[PDB]
């Protein structure tokens, strides 16, 4: 697939859209509906732990398949130490190795050594053969980047606002 690479930076944000979102006291007030809903879950969890059912092969296979059909496309964001975000579309069956290749091909210096990680706590993505589905970088996930001591300068000049990047994602995900 084509990644449709895009770069955004929080200093390019142009909107202060709708701030006085003052929230009423009763929003936080628990209703009879709320209490009943909690009890249901408790009853439900009591029954399950008493009956100790099997987690079935068919259920496990159904969840995998149901999630891979629900999210055929993956949007990833690699956040740089200078707060630049590189955004790219992927498929869930693609690997962490592919992500690294995406990053490398958009670096100012492609020979420079880097590591990708999620946080918190800091967890490096070492297994390059691990898929994005297995890595849980799916359906939309934020990844950080670090180096031992970066994005192509031409690409920084076409950087957009984060909120603009968001709408690109929403539109791609339908």
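Numbering follows the first chain given and starts at 1.
- Per the record, residue 149 and residue 150 are separated by 4 to 9 deposited residues that are missing from the model.
- Stretches compared: 61 to 69, 112 to 120. Higher mean C-alpha B-factor in the entry: 61 to 69.
- Set 157 to 165 against 10 to 18 and average the Cα temperature factors; 10 to 18 ends up higher.
- Set against one another, the Cα B-factors of 52, 145, 140, 32 in the record reach their highest point at 32.
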